[PDB]
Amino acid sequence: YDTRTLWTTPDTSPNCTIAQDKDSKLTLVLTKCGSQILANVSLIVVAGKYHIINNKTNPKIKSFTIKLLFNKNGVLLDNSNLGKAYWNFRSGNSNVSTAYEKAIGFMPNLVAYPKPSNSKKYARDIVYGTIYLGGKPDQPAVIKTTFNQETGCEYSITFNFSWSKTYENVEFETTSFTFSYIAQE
């Protein structure tokens, strides 16, 4: 039982719903380094609207969003794009055998990254990165990660993927990106 890592497992079995049921594998590893969470992410789309991008055929298909919504205990909510079944603490290359009840130490800090309010909204709750479709260096897509900006939850981590190039028949499967964020406790 690895109590310092929450993850999706590193397999390639679809676990995520962007446009249709289980059309993608989000590989996400959150590793607790005390007051910071070290995060590693990639995405493989296997089917549906976002599997093969062709902006000559479909000029308006330019972005999509994957949302992780959490309750007061850091438990993933079922309206998240990521499925609950394989999001858990690590055991080897798999998960602990039972669903976790508490993971507050992995949640994004609410003082650093407040929910929307009357107070001025600051950009520090965002981290940008670039990943590469098919591993090709001339095929960038931007990954925008935002903390605690969704309603209907206590905490949230959202991944927005977008691209500016007019890609023709480019499969949406990405290289990996690492970032960190300030932990709630």
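The first residue of the shown sequence is 1; numbering continues from there. Take the two forms, superpose them, and find the largest set of C-alpha atoms that agree within 1.5 Å; that set is the rigid core.
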| query | finding |
| --- | --- |
| RMS CA shift, core-fitted in 8 other deposited structures of this protein, bigger for 119-127 or for 138-146 | 119-127 |
| Between 20-28 and 172-180 (mean CA B-factor, as deposited), the higher | 20-28 |
| Between 129-137 and 47-55 (mean CA B-factor, as deposited), the higher | 47-55 |
| Selection by C-alpha B-factor (highest) of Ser63, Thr158, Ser42, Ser35 | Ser35 |
| Ranked C-alpha temperature factor of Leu68 among modelled chain residues, by third | lowest |
| Entry-reported Cα temperature factor of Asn109, expressed as the chain third it lands in | lowest |
| B-factor third for the C-alpha atom of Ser162 within its chain | lowest |
| Chain-wide C-alpha B factor ranking for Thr151, given as lowest, middle or highest third | highest |
